[PDB]
Amino acid sequence: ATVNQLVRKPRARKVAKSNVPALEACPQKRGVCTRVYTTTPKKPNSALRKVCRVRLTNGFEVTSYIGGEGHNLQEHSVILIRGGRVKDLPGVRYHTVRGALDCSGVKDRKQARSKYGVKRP
Amino acid sequence: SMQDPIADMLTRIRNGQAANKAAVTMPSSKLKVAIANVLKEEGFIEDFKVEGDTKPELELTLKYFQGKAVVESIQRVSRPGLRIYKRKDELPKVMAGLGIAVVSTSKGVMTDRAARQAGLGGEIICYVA
Amino acid sequence: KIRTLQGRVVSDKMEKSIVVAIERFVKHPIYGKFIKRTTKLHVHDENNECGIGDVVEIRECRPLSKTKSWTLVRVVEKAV
RNA sequence: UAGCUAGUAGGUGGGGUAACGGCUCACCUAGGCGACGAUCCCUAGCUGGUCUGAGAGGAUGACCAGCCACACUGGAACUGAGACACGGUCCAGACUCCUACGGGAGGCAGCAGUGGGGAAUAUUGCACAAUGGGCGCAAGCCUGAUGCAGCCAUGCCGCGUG
RNA sequence: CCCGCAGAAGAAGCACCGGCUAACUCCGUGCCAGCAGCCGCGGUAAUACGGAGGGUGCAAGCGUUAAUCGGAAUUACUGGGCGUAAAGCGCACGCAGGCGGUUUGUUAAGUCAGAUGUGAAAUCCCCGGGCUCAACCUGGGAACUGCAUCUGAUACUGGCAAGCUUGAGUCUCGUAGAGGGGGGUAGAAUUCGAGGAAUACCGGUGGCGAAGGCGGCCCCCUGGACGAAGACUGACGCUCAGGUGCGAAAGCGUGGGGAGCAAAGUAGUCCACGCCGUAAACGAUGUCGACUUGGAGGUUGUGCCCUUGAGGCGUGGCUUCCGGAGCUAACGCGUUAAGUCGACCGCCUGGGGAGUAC
RNA sequence: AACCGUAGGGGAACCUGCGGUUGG
């Protein structure tokens, strides 16, 4: 553009929208796991799912996928959501770290162990 | 032109180089004569001649060494609206010193090398390379 | 003397006080274009010896009133 | 957010301050700011700097140093060279404590801690031996400033595990 | 910090292995359990799921996630675009702003050079010094890209005055055209002598107008364009956010009219005034000025040519078609640019949600 | 034939009238 068109109105920046708007600059948050679901995905995939539904301490309620190979979550247990949106099923844009507050590390793991709450044998 | 005569002169020179012309005409002025002198000193044009009494018509004689022309790149730096004034140690070196940068200092319209040697800078006029 | 900024009398309606606008040529901090910029200053003169449209020379003195800290020393030109 | 301001803009006179000044008063003139963004709404301590980037730029103000603002919330004043005053006084309100039920004492945004909130941030430690400050004619006294120590791979660097 | 004695004695983990990206084979499962930063794996021989072996990277650390910058030329001042991908206001006039053809003199505000003050210390950078090296500490310098004052330079930009004509504008003479408005008027046709609407042939790749748009003939008022030779004014110029005005068709309000057509045969289509004024208002190309090889063809002005002719030669104005250099991703544009440059304005930043709500 | 603006109508895409475009 002409230099005058920039002197009058400058170059506006591009605002950024965070992917996870409930963490509000926090790598972890505590939940309550108000409910547990097994809903179906959208894209062609071989599973139903393994998700949950926790209410963060700051009021927000967001879904949270549950990784691993079998969980032990109840309707009144606290979790620790971290992030890492999940592509397949829409609406889930979080995760659940294992072995932090009331979860447990899935069993028999011996590769990529630190990602779950599994100690060394 | 109507709002910038130096850009008109440079455009005429460039188009003459493109169309393999031998001589271009344009209304003359003191600044144009100074720029033509600076161009003929460094060797980017063969010669130049001015005629007329009340409405002069400056006429150059473009020179090409081989099939390819000599003046391959020429542009206006400080166009009216974005006047550019550079100090002594900020004078530009076009094509790593292979070209010239016609500046206008308090002594006269001179190339960038003479201005850097004398120890003064001014308003850049055009890059020639 | 002093810095002696020179401006143009914009309005003379107050009693024993005038408004003078000084001029400044400043480059834009990021685009490098010479924009024209003005600044308004309340000037205090006792004789009412100017007219709307003149060019004056003002200097700095002690604060005489709220938002009035300049005094007129000499008028250069006239209205027309 | 397109109109704002009537002690508002100016002028003589008193009054006041260490000092200029509408800071205040009585009168008169009717002005002053605004598209070069006034008024209004949200957010925000500022700077030397830090991170990134070839550079121009972009994002923030952790530690260290300068400046400003507050000291449970709101308001005024005295003493003093200096405060409209963190560990000074008085006034009005909610809080916590003592009580003979009449009335009274408090302010960890000081170091160390406790309760709570949180994903998360430490010992109710030693000494004035050094630097610095207060008083003192000097010894000397006080100094959670400061010098060190205790906890945590939080980060940078070096070594070992032959 | 130094010295001495047993004993190698007490001290290695984490992530990845299809591509991006360094590093592969077999078993359990068979679109199930699952992995995943993107592309994405399996419905029975998984180098992608889980496990074993193997090598790859880092190493007292290794990975995941939050936050900034870079890659992002992905808000482009250095450093981008608007004919078809997102992007040229529906047009004209124009205030404030942006920009200024040519010559002389003066001023020295912008600009340039030097000096003097200040730009707190640490940090960043260079040459060194010391903790057994390094991190760390520290001496000197440079830098702190900045600001103000003084002394100078005068080419450029800016201020003041006097100038010149090529930019711009005025006058004379003519030309063409559905340019606009007012009011009459004629013929064909349709309907029922009456009434309303539109003007067959001319008619065109045609003309006028800033756009929407404008058709019988004559009369009146008026606007614009073009061509030839003079004089005069002497920069009076270009663009334009806000602003005023004009602005198919449909619709709304008042009073008329209503032949044909025709939403729902009614409104409407027609008239005066008033409102709305939005479109695929399109060349999907803003306005102004300068420069750059040619050929085919329409219209018009003027000069010229035994003007002897329907005619031929230019030179101008407007306007169609094919193409060279050049531009573009391509199609294509191509002297009437989408080519080379200059001045000014609006708009563009993945698609939908949405030109939606407030 | 499609699309745009506008008006009316209809369970619904949509139908019709008026004017414009070639993105027939």
# chains A, B, ... in the order shown; residues from 1 in each chain; ligands from 1
$ select_by_dssp --residues "stretch 28-107 of chain A" --states "strand (DSSP E or B)" --output "count of residues only"
17
$ closest_atom_pairs --of "chain E" --to "chain A" --cutoff "7 Å" --atoms "only C-alpha atoms (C1' of nucleotides)" --output "CSV"
residue,atom,partner,partner_atom,distance
E:31,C1',A:46,CA,4.6
E:65,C1',A:27,CA,5.3
E:66,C1',A:27,CA,3.9
E:75,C1',A:11,CA,5.2
$ select_by_dssp --residues "chain A" --states "alpha helix (DSSP H)" --output "count of residues only"
6
$ interface_residues --of "chain E" --to "chain B" --cutoff "10 Å" --atoms "only C-alpha atoms (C1' of nucleotides)" --output "MDAnalysis selection string"
chainID E and resid 98:103 111:113 153:157 164:167 237:238 288:293 325:326 340:343
$ closest_atom_pairs --of "chain C" --to "chain A" --cutoff "9 Å" --atoms "only C-alpha atoms" --output "JSON lines"
{"residue": "C:28", "atom": "CA", "partner": "A:7", "partner_atom": "CA", "distance": 7.8}
{"residue": "C:31", "atom": "CA", "partner": "A:3", "partner_atom": "CA", "distance": 7.2}
{"residue": "C:33", "atom": "CA", "partner": "A:3", "partner_atom": "CA", "distance": 7.7}
{"residue": "C:35", "atom": "CA", "partner": "A:7", "partner_atom": "CA", "distance": 8.8}
$ write_last_selection --atoms "N, CA, C and O atoms" --output "CSV table (one decimal), in the first residue's frame"
chain,number,residue,atom,x,y,z
C,28,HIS,N,8.6,9.7,10.3
C,28,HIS,CA,7.8,8.7,10.9
C,28,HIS,C,8.8,7.6,11.5
C,28,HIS,O,9.7,7.2,10.9
C,31,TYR,N,8.3,4.3,9.1
C,31,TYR,CA,8.2,4.3,7.6
C,31,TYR,C,9.1,5.3,6.9
C,31,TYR,O,9.2,5.3,5.7
C,33,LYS,N,8.9,8.7,6.4
C,33,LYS,CA,8.3,9.8,5.6
C,33,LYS,C,8.2,11.0,6.5
C,33,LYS,O,7.9,10.9,7.7
C,35,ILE,N,6.5,13.6,8.0
C,35,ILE,CA,5.2,14.1,8.3
C,35,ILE,C,5.3,15.5,8.9
C,35,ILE,O,6.2,15.8,9.6
$ residues_around --residues "stretch 6-11 of chain F" --least-positions-apart "6" --cutoff "12 Å" --atoms "only C-alpha atoms (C1' of nucleotides)" --output "PDB file with N, CA and C atoms (P, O5', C5', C4', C3', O3' and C1' of nucleotides), in the first residue's frame"
ATOM      1  P     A E 248     -32.293   5.214 -11.765  1.00  0.00           P
ATOM      2  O5'   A E 248     -31.929   3.777 -12.343  1.00  0.00           O
ATOM      3  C5'   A E 248     -32.946   2.834 -12.634  1.00  0.00           C
ATOM      4  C4'   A E 248     -32.644   2.066 -13.895  1.00  0.00           C
ATOM      5  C3'   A E 248     -33.771   1.186 -14.413  1.00  0.00           C
ATOM      6  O3'   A E 248     -34.726   1.905 -15.177  1.00  0.00           O
ATOM      7  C1'   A E 248     -31.771  -0.062 -14.362  1.00  0.00           C
ATOM      8  P     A E 249     -36.191   2.200 -14.582  1.00  0.00           P
ATOM      9  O5'   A E 249     -36.701   0.779 -14.075  1.00  0.00           O
ATOM     10  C5'   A E 249     -36.934  -0.282 -14.989  1.00  0.00           C
ATOM     11  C4'   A E 249     -36.866  -1.621 -14.302  1.00  0.00           C
ATOM     12  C3'   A E 249     -37.825  -1.822 -13.143  1.00  0.00           C
ATOM     13  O3'   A E 249     -39.141  -2.145 -13.555  1.00  0.00           O
ATOM     14  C1'   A E 249     -35.675  -2.516 -12.489  1.00  0.00           C
ATOM     15  P     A E 250     -40.401  -1.434 -12.855  1.00  0.00           P
ATOM     16  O5'   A E 250     -40.544  -2.198 -11.466  1.00  0.00           O
ATOM     17  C5'   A E 250     -40.661  -3.612 -11.428  1.00  0.00           C
ATOM     18  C4'   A E 250     -40.354  -4.158 -10.058  1.00  0.00           C
ATOM     19  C3'   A E 250     -41.175  -3.588  -8.914  1.00  0.00           C
ATOM     20  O3'   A E 250     -42.461  -4.173  -8.810  1.00  0.00           O
ATOM     21  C1'   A E 250     -38.896  -3.613  -8.304  1.00  0.00           C
ATOM     22  P     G E 251     -43.738  -3.260  -8.472  1.00  0.00           P
ATOM     23  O5'   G E 251     -43.475  -2.767  -6.979  1.00  0.00           O
ATOM     24  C5'   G E 251     -43.402  -3.699  -5.913  1.00  0.00           C
ATOM     25  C4'   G E 251     -42.938  -3.049  -4.633  1.00  0.00           C
ATOM     26  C3'   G E 251     -43.756  -1.868  -4.142  1.00  0.00           C
ATOM     27  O3'   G E 251     -44.936  -2.265  -3.466  1.00  0.00           O
ATOM     28  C1'   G E 251     -41.454  -1.351  -4.004  1.00  0.00           C
ATOM     29  P     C E 252     -46.229  -1.315  -3.474  1.00  0.00           P
ATOM     30  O5'   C E 252     -45.866  -0.164  -2.435  1.00  0.00           O
ATOM     31  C5'   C E 252     -45.552  -0.473  -1.085  1.00  0.00           C
ATOM     32  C4'   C E 252     -45.126   0.758  -0.326  1.00  0.00           C
ATOM     33  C3'   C E 252     -46.032   1.968  -0.472  1.00  0.00           C
ATOM     34  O3'   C E 252     -47.174   1.907   0.362  1.00  0.00           O
ATOM     35  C1'   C E 252     -43.785   2.631  -0.764  1.00  0.00           C
ATOM     36  P     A E 263     -48.454 -13.670 -14.909  1.00  0.00           P
ATOM     37  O5'   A E 263     -48.052 -13.610 -13.369  1.00  0.00           O
ATOM     38  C5'   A E 263     -48.231 -12.415 -12.626  1.00  0.00           C
ATOM     39  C4'   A E 263     -47.168 -12.237 -11.572  1.00  0.00           C
ATOM     40  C3'   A E 263     -47.461 -12.878 -10.222  1.00  0.00           C
ATOM     41  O3'   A E 263     -47.102 -14.248 -10.172  1.00  0.00           O
ATOM     42  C1'   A E 263     -46.824 -10.631  -9.895  1.00  0.00           C
ATOM     43  P     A E 264     -48.145 -15.349  -9.641  1.00  0.00           P
ATOM     44  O5'   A E 264     -49.021 -14.576  -8.559  1.00  0.00           O
ATOM     45  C5'   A E 264     -48.565 -14.420  -7.222  1.00  0.00           C
ATOM     46  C4'   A E 264     -49.570 -13.673  -6.382  1.00  0.00           C
ATOM     47  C3'   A E 264     -50.917 -14.350  -6.196  1.00  0.00           C
ATOM     48  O3'   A E 264     -50.898 -15.328  -5.169  1.00  0.00           O
ATOM     49  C1'   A E 264     -51.245 -12.080  -6.776  1.00  0.00           C
ATOM     50  P     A E 267     -55.342  -2.413 -11.038  1.00  0.00           P
ATOM     51  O5'   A E 267     -54.060  -2.406 -10.094  1.00  0.00           O
ATOM     52  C5'   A E 267     -54.164  -2.069  -8.718  1.00  0.00           C
ATOM     53  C4'   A E 267     -52.937  -2.493  -7.952  1.00  0.00           C
ATOM     54  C3'   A E 267     -51.616  -1.911  -8.438  1.00  0.00           C
ATOM     55  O3'   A E 267     -51.372  -0.611  -7.928  1.00  0.00           O
ATOM     56  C1'   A E 267     -51.386  -4.245  -8.115  1.00  0.00           C
ATOM     57  P     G E 268     -50.949   0.586  -8.914  1.00  0.00           P
ATOM     58  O5'   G E 268     -49.639   0.050  -9.644  1.00  0.00           O
ATOM     59  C5'   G E 268     -48.435  -0.179  -8.923  1.00  0.00           C
ATOM     60  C4'   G E 268     -47.483  -1.039  -9.715  1.00  0.00           C
ATOM     61  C3'   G E 268     -47.023  -0.457 -11.044  1.00  0.00           C
ATOM     62  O3'   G E 268     -45.913   0.412 -10.890  1.00  0.00           O
ATOM     63  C1'   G E 268     -47.739  -2.696 -11.356  1.00  0.00           C
ATOM     64  P     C E 276     -34.678   8.669   0.854  1.00  0.00           P
ATOM     65  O5'   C E 276     -34.768   7.143   0.406  1.00  0.00           O
ATOM     66  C5'   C E 276     -35.107   6.123   1.335  1.00  0.00           C
ATOM     67  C4'   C E 276     -35.344   4.804   0.644  1.00  0.00           C
ATOM     68  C3'   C E 276     -34.167   4.251  -0.146  1.00  0.00           C
ATOM     69  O3'   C E 276     -33.251   3.539   0.669  1.00  0.00           O
ATOM     70  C1'   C E 276     -36.140   4.131  -1.455  1.00  0.00           C
ATOM     71  P     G E 277     -31.924   4.247   1.234  1.00  0.00           P
ATOM     72  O5'   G E 277     -31.461   5.213   0.056  1.00  0.00           O
ATOM     73  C5'   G E 277     -30.458   4.807  -0.863  1.00  0.00           C
ATOM     74  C4'   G E 277     -31.025   3.909  -1.929  1.00  0.00           C
ATOM     75  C3'   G E 277     -30.069   3.495  -3.035  1.00  0.00           C
ATOM     76  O3'   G E 277     -29.249   2.401  -2.655  1.00  0.00           O
ATOM     77  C1'   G E 277     -32.157   4.151  -3.961  1.00  0.00           C
ATOM     78  P     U E 278     -27.650   2.551  -2.611  1.00  0.00           P
ATOM     79  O5'   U E 278     -27.115   1.092  -2.968  1.00  0.00           O
ATOM     80  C5'   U E 278     -27.214   0.026  -2.035  1.00  0.00           C
ATOM     81  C4'   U E 278     -28.064  -1.102  -2.567  1.00  0.00           C
ATOM     82  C3'   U E 278     -27.525  -1.835  -3.787  1.00  0.00           C
ATOM     83  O3'   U E 278     -26.565  -2.826  -3.460  1.00  0.00           O
ATOM     84  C1'   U E 278     -29.804  -1.296  -4.128  1.00  0.00           C
ATOM     85  P     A E 279     -25.359  -3.152  -4.472  1.00  0.00           P
ATOM     86  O5'   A E 279     -26.064  -3.903  -5.688  1.00  0.00           O
ATOM     87  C5'   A E 279     -26.509  -5.246  -5.559  1.00  0.00           C
ATOM     88  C4'   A E 279     -26.722  -5.895  -6.905  1.00  0.00           C
ATOM     89  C3'   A E 279     -25.653  -5.636  -7.953  1.00  0.00           C
ATOM     90  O3'   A E 279     -24.508  -6.455  -7.787  1.00  0.00           O
ATOM     91  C1'   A E 279     -27.795  -5.364  -8.918  1.00  0.00           C
TER      92        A E 279
ATOM     93  P     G F  17     -42.884 -15.448 -15.807  1.00  0.00           P
ATOM     94  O5'   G F  17     -43.090 -13.918 -15.419  1.00  0.00           O
ATOM     95  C5'   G F  17     -44.377 -13.324 -15.483  1.00  0.00           C
ATOM     96  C4'   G F  17     -44.395 -11.961 -14.839  1.00  0.00           C
ATOM     97  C3'   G F  17     -43.289 -11.007 -15.261  1.00  0.00           C
ATOM     98  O3'   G F  17     -43.561 -10.376 -16.498  1.00  0.00           O
ATOM     99  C1'   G F  17     -43.557 -10.945 -12.905  1.00  0.00           C
ATOM    100  P     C F  18     -42.357  -9.969 -17.479  1.00  0.00           P
ATOM    101  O5'   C F  18     -41.648  -8.754 -16.732  1.00  0.00           O
ATOM    102  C5'   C F  18     -42.344  -7.540 -16.491  1.00  0.00           C
ATOM    103  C4'   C F  18     -41.489  -6.559 -15.728  1.00  0.00           C
ATOM    104  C3'   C F  18     -40.054  -6.421 -16.207  1.00  0.00           C
ATOM    105  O3'   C F  18     -39.924  -5.604 -17.356  1.00  0.00           O
ATOM    106  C1'   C F  18     -40.080  -6.623 -13.856  1.00  0.00           C
ATOM    107  P     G F  19     -38.966  -6.066 -18.560  1.00  0.00           P
ATOM    108  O5'   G F  19     -37.517  -5.600 -18.092  1.00  0.00           O
ATOM    109  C5'   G F  19     -37.239  -4.227 -17.870  1.00  0.00           C
ATOM    110  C4'   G F  19     -35.964  -4.030 -17.090  1.00  0.00           C
ATOM    111  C3'   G F  19     -34.750  -4.804 -17.576  1.00  0.00           C
ATOM    112  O3'   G F  19     -34.125  -4.204 -18.697  1.00  0.00           O
ATOM    113  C1'   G F  19     -34.912  -4.979 -15.225  1.00  0.00           C
TER     114        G F  19
END
$ atom_distance --atom1 "atom CA of residue A:103" --atom2 "atom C1' of residue E:63"
19.7 Å
$ closest_residue --among "B:126, B:98, B:45, B:82" --to "chain C" --atoms "only C-alpha atoms"
B:82
$ atom_distance --atom1 "atom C1' of residue E:339" --atom2 "atom CA of residue B:72"
16.6 Å
$ residues_around --residues "stretch 13-16 of chain C" --least-positions-apart "5" --cutoff "12 Å" --atoms "only C-alpha atoms (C1' of nucleotides)" --output "MDAnalysis selection string"
(chainID C and resid 42:52 64:65 68 71:72) or (chainID D and resid 9:12 28:32)
$ atom_distance --atom1 "atom CA of residue B:23" --atom2 "atom CA of residue B:46"
10.4 Å
